[PDB]
Amino acid sequence: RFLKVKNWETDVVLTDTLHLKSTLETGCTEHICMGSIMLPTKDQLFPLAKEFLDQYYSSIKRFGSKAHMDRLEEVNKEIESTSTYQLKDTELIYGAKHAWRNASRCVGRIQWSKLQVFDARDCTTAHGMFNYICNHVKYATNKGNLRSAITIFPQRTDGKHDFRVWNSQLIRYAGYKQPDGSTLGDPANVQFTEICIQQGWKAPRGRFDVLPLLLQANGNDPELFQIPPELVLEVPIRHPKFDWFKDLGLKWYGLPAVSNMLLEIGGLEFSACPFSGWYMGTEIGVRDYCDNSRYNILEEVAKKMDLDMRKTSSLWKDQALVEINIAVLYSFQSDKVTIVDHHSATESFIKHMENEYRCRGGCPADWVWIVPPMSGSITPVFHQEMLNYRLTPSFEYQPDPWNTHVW
Amino acid sequence: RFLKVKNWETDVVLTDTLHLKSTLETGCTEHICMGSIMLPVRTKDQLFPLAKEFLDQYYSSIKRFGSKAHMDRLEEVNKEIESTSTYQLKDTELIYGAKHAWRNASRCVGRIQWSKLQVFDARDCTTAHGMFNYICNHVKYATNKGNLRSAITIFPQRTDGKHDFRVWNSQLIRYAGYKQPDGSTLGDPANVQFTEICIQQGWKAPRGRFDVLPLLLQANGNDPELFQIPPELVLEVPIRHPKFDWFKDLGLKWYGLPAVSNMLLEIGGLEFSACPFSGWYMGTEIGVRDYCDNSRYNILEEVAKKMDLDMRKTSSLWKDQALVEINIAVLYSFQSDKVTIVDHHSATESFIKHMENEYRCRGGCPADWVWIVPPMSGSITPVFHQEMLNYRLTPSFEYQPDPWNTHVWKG
Ligand code: HEM
Ligand code: HEM
Ligand SMILES: N=C(Nc1ccc(CCNCc2cccc(NC(=N)c3cccs3)c2)cc1)c1cccs1
Ligand SMILES: N=C(Nc1ccc(CCNCc2cccc(NC(=N)c3cccs3)c2)cc1)c1cccs1
Ligand SMILES: C[C@H](O)[C@H](O)[C@H]1CNc2nc(N)[nH]c(=O)c2N1
Ligand SMILES: C[C@H](O)[C@H](O)[C@H]1CNc2nc(N)[nH]c(=O)c2N1
Ligand SMILES: [Zn+2]
């Protein structure tokens with residue numbers, strides 16, 4: 001019931017108790033581990049509300065005060081009457097910061113307490129949503145000095161008036177299937193790109209076309225909006241040694257901003273809650289650029305480097321991978337757009353785990369996601385035992401809106 | 001019940017039913033995943049069901065389930081258990097059991113090879129000198145002048161737990177480690193404690209950076225005894241780089257034959273506490289882990305200095321650059337000397353084909369993602385993108401406590 005995690009490089013052992021608070025289920029059982037699977041009423045609501053308010057009042061050292069008891073009663077009376085309740089601003093801020101704190105797949109959580117929370121619960125239309133979003137993009141971008149932020153649209157009601165951003169990230173590139181059978185642009189976004197087109201977007205049909213936003217307010221049909229180009233900070237990718245690299249014509253955007261997740265606080269569900277931070281270099285260089293199902297540029301780069309591509313054992317893929325990632329980091333740094341390398345990010349996360357173990361009694365972490373997609377064992381997280389469990393408030397996956405929406 | 005796994009690169013979806021045969025527990029529950037935790041004397045009572053389930057599996061594999069031979073064997077094992085408290089495996093069952101323990105090893109990326117395993121039966125062994133001889137024969141056989149062949153040697157099973165056979169070495173061939181008065185380590189830091197036990201037992205340490213450790217062998221629960229492997233049987237590869245001529249002057253080498261000697265083999269309830277097995281290396285084991293772990297040889301700094309990389313900031317990726325060059329060096333060296341090695345690209349590609357094969361013919365393939373994905377260049381290998389289900393099947397290889405922690409010294 002009290003669990004130990006060991007770091008095998010430093011021998012440091014931590015004891016975890018925080019997991020006993022866990023309420024949600026993992027997918028695993030005593031007989032089978034599913035650690036590597038990507039996706040494993042009035043009655044229901046009051047316990048969820050009480051669990052949340054208890055931790056909130058505990059966090060401000062007011063557990064069991066009249067202010068605590070009164071709030072419990074007020075929310076209780078509100079659920080009984082309205083079948084829902086509203087969070088105070090202070091609770092909403094706390095809940096959003098803790099959903100990040102609890103995100104077991106996030107290596108950047110040393111930052112969790114510095115999150116700017118934009119309350120967009122007064123929003124009613126897609127144009128209103130667009131305005132909030134552009135304001136978020138501009139705030140977070142901060143001319144390259146990126147700042148973490150979340151914008152929180154109205155909470156789920158009867159479920160037929162959902163607010164949704166249809167985009168998977170606020171800023172992402174289009175993918176087009178070609179007459180050839182090849183793919184132009186980002187193949188991850190082919191389907192959404194076609195949804196935009198069929199909704200009415202005039203696609204440039206290039207390699208790096210910023211997708212328009214598709215915004216759904218109040219369960220209404222979603223509407224298209226172009227993000228002002230001036231708000232989309234982009235980085236041309238060059239190499240500090242290889243002159244020819246810039247002629248690959250690579251670029252990426254500076255602001256990573258997830259927009260398809262669901263934020264759960266105190267049993268209330270926020271289906272539109274776009275949040276942003278900044279990139280770890282490997283996300284672009286290893287995953288966006290080198291995944292076979294993504295821009296898949298390893299072949300073209302290795303050719304420019306004149307490496308022996310005859311045999312896998314020459315490690316030509318590995319050599320080309322390192323250079324692509326050097327270029328990504330060099331380009332962002334040269335343009336003064338915030339980025340973190342995997343060495344620095346993982347070192348930070350280890351320090352964060354140690355803070356959380358002493359200040360909180362644990363830190364849920366999903367090793368499969370936390371270890372970087374290159375150079376695993378030369379980062380300290382590789383050698384760190386981690387316990388994965390689900391705490392609330394949380395960010396959760398939700399079905400893509402096009403399978404769900406009734407037009 | 002059916003469980004599906006998806007490859008996120010190919011969209012190939014697989015359906016697992018083999019997990020239904022799993023009995024041993026994982027460490028995980030509905031409320032906690034322990035998938036990254038390194039480590040998460042039987043009665044007659046528990047023994048016959050274990051034996052029965054094993055023999056049912058064996059008889060099924062040879063297409064003789066329910067035959068007169070199957071039934072007579074069950075009855076004979078039953079009689080042997082209730083009268084002698086244990087039983088003996090037939091040679092064929094032993095071979096089947098050792099191969100299946102490998103087939104079932106969820107942390108093993110080399111399992112495409114599982115059916116080609118040379119099994120040496122050393123159950124007639126009685127003394128440490130007998131064990132030494134068996135082990136030398138195994139090394140010579142497996143080494144085969146560089147053309148490595150997989151093999152396992154199986155010493156007598158546990159009886160009362162007071163007469164265990166044990167190889168104290170963690171691998172048959174491994175380098176010594178020496179902690180100096182100034183707190184630095186000479187040689188391999190992983191083997192410091194074991195090196196210290198060898199010295200105490202009487203080993204004359206050469207005290208260099210790559211001294212092959214003596215074997216420390218325990219027969220029949222007796223105090224272990226020291227033996228030196230004949231150096232002529234220990235194939236070693238000097239490490240050089242195809243382009244960087246200064247690489248050789250780092251003075252690096254490694255042994256060709258990886259041979260695990262500290263695991264326990266469980267077949268039909270029987271426990272084989274000394275069962276050394278060997279195959280060949282995947283390059284990253286040496287180049288990433290043995291050479292570049294901070295707690296091992298730790299050569300990254302010296303390599304990047306010699307490459308004159310920018311080391312002032314981690315964001316130059318000097319470590320990642322030095323890492324690739326060392327791993328190229330390892331593969332180049334082994335290939336040039338004609339010693340079997342597999343690169344992590346080839347090994348993971350083969351594993352994915354193995355795994356798909358197993359899903360089709362066997363109904364599943366238990367795999368531990370944390371272990372299967374190589375320690376460098378993770379996502380450019382196909383396993384990174386493969387969902388895997390981890391569960392425990394018997395026969396199996398298991399960890400066991402280091403023998404110096406539990407041994408009753410006779411003096
Ligand atoms: C401040 C800089 C941050 C860094 C460097 C960072 C780093 C990362 C990285 C690298 C991932 C893996 C993504 C992938 O492989 O697809 C991730 C996952 C995640 N992070 Fe962050 N993070 C940051 C800030 C944030 C913020 C501000 C939030 C929310 C408020 C957040 C919540 C998450 C969540 C929920 C996941 C998991 C997503 C999923 O399961 O698909 N992170 N983090
Ligand atoms: C034929 C060539 C083989 C290759 C390339 C290979 C590859 C590997 C590698 C790279 C590991 C991980 C080692 C580590 O990180 O510590 C491993 C684990 C393992 N393999 Fe193999 N393997 C081979 C043959 C064998 C054989 C012959 C057996 C036994 C009959 C075996 C049983 C295991 C077991 C039990 C583990 C898990 C060890 C542990 O949990 O500590 N493998 N395999
Ligand atoms: N369809 C897929 N499934 C899939 C499932 C889950 C996800 C989650 C990806 N999330 C994007 C993300 C989330 C969190 C952080 C980041 N990166 C960042 N640095 C930040 C974003 C926001 C704050 S920090 C990116 C992606 C694909 C595939 C993946 C690969 C090939 S296909
Ligand atoms: N003491 C540790 N704990 C630890 C726990 C388990 C293991 C297991 C190591 N197993 C060695 C091994 C096993 C299986 C295969 C190989 N390599 C091979 N290619 C083969 C060996 C035999 C057949 S194939 C090596 C090692 C250390 C630490 C490691 C790193 C920092 S601390
Ligand atoms: C199947 C496997 O779980 C999947 O490929 C995971 C592995 N680890 C990951 N880690 C991160 N950070 N992001 C991912 O998308 C993945 N993909
Ligand atoms: C804590 C973590 O589970 C530990 O470092 C593991 C990770 N994956 C591994 N994978 C392999 N093949 N070998 C290992 O020793 C490890 N170590
Ligand atoms: Zn698990």
Side-chain angles (χ1 to χ4, degrees), chain A residues 3 5-6 8-9 19 22 24-38 281 286-287 290-293 298 311-315 317-319 321-322 325-326 329-330 333 341 343-344 347 365-368 371-378 382-390, chain B residues 3 5-6 8-9 19 22-23 25-38 283 288-289 292-295 300 313-317 319-321 323-324 327-328 331-332 335 343 345-346 349 367-370 373-380 384-392:
Chain A
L3 294 171
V5 288
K6 177 166 178 186
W8 288 85
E9 191 155 68
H19 74 272
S22 165
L24 317 166
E25 283 165 306
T26 64
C28 302
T29 73
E30 298 75 14
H31 295 294
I32 187 147
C33 175
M34 294 199 170
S36 73
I37 314 310
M38 293 222 68
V286 185
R287 307 301 316 279
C290 299
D291 271 359
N292 252 262
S293 56
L298 268 183
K311 15 160 271 146
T312 62
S313 59
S314 78
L315 309 190
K317 280 185 175 168
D318 310 75
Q319 286 200 287
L321 187 67
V322 174
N325 281 269
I326 282 172
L329 293 166
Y330 172 79
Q333 289 167 184
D341 72 86
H343 300 296
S344 141
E347 183 207 10
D366 181 344
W367 189 99
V368 171
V371 178
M374 78 177 270
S375 293
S377 67
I378 64 158
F382 183 91
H383 305 270
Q384 177 66 55
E385 297 187 343
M386 303 176 187
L387 286 169
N388 194 204
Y389 48 94
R390 318 232 301 139
Chain B
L3 289 163
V5 297
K6 177 179 192 178
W8 288 89
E9 206 153 53
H19 76 272
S22 161
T23 52
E25 288 170 333
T26 64
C28 302
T29 76
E30 285 99 288
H31 293 104
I32 202 141
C33 172
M34 306 229 306
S36 69
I37 306 303
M38 190 101 75
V288 190
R289 301 306 307 284
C292 302
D293 274 4
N294 290 151
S295 292
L300 278 178
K313 29 181 129 64
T314 66
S315 59
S316 71
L317 298 195
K319 293 200 183 176
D320 315 70
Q321 285 195 279
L323 187 65
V324 176
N327 278 275
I328 286 170
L331 296 160
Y332 177 68
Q335 286 156 187
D343 72 79
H345 300 290
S346 168
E349 188 169 337
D368 174 346
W369 196 96
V370 174
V373 175
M376 75 176 290
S377 298
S379 75
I380 63 165
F384 180 98
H385 305 271
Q386 181 63 59
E387 300 185 334
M388 297 175 196
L389 290 174
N390 189 209
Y391 47 90
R392 286 168 41 147

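Chain A is the first sequence line, chain B the second, and so forth, proteins listed ahead of strands; every chain is numbered from 1.
Interface residue A:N325: backbone and side-chain heavy atoms are both found under 4.5 Å from chain B. With a threshold of 4.5 angstrom between heavy atoms, A:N388 approaches chain B through its backbone and through its side chain. Heavy atoms of A:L329 lying under 4.5 Å from chain B belong exclusively to its side chain. Contacts of A:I32 with chain B are made by both backbone and side-chain atoms, with heavy-atom separations under 4.5 Å. For B:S316, the part sitting under 4.5 Å from any heavy atom of chain A is the backbone (N, CA, C, O) and nothing else.
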* Show your working on side chain to side chain contact (heavy atoms under 4.5 Å, CB included) between B:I37 and A:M386 and close with a plain yes or no. => CA-CA 7 Å; B:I37 306 303; A:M386 303 176 187; over 6 Å; no
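Among all heavy-atom pairs drawn from B:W8 and A:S293, the shortest one is O-OG, 4.3 Å. The two residues A:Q333 and B:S315 have their closest heavy-atom pair at OE1-OG, 3.2 Å.
In terms of non-hydrogen atom pairs under 4.5 Å with chain A, the most contact-rich of B:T314, B:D320, B:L317 is B:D320. Put simply, of A:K6, A:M38, A:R390, A:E347, the one with the most heavy-atom pairs under 4.5 Å next to chain B is A:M38. Between chain A and the residues B:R289, B:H19, B:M34, the largest count of heavy-atom pairs under 4.5 Å involves B:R289. Contacts with chain B were tallied for A:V286, A:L321, A:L3, A:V368; A:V368 has the most, counting heavy-atom pairs under 4.5 Å. Taking B:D368, B:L300, B:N294 one by one and counting their heavy-atom pairs under 4.5 Å with chain A, the maximum is reached by B:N294. Across B:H385, B:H345, B:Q386, the residue that shares the most heavy-atom pairs under 4.5 angstrom with chain A is B:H345. With chain B as partner, the option from A:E25, A:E9, A:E30 having the largest number of non-hydrogen pairs under 4.5 angstrom is A:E30.
Side-chain contact between A:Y389 and B:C33 is absent, with no heavy-atom pair separated by less than 4.5 Å. A:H31 is not listed as a side-chain neighbour of B:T23, based on a closest heavy-atom distance of 4.5 Å or more. Under the 4.5 Å side-chain criterion, counting only non-hydrogen atoms from C-beta, B:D293 is in contact with A:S377.
Other residues, nucleotides and ligands place more than 12 heavy atoms under 6.0 Å from the NZ atom of A:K311.
Not one N or O on the side chain of A:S375 forms a donor-acceptor pair closer than 3.5 Å with the backbone of B:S377.
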